[PDB]
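In the entry's author numbering, the protein residues as written are 29 to 55. Let me begin by presenting the structure, written as structure tokens, before commenting on it.
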Ligand SMILES: [Zn+2]
């Protein structure tokens, strides 16, 4: 299995904390 990548977008986060902002920052 690979790290934790997002659903729609070529990016990855190390902790849900940052992965969350990514969603609130999606657009
Ligand atoms: Zn995303």
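Positions of the beta carbon are idealized from the N, C-alpha and C atoms, including for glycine.
Local conformation of residue 35 per DSSP, three classes: Assigned with DSSP and collapsed to three states, residue 35 falls in coil, not helix or strand.
Less than 8 Å between the beta carbons of residue 33 and residue 40, yes or no? One thing to note: residue 33 has its Cβ within 8 Å of the Cβ of residue 40.
Distance cut-off 7 Å: residue 35 Cβ against heavy atoms of ligand 1: It does: the Cβ of residue 35 is within 7 Å (strictly closer) of some heavy atom of ligand 1.
Helix, strand or coil at residue 52 according to DSSP, with G and I counted as helix: The DSSP-derived three-state label of residue 52 is helix.
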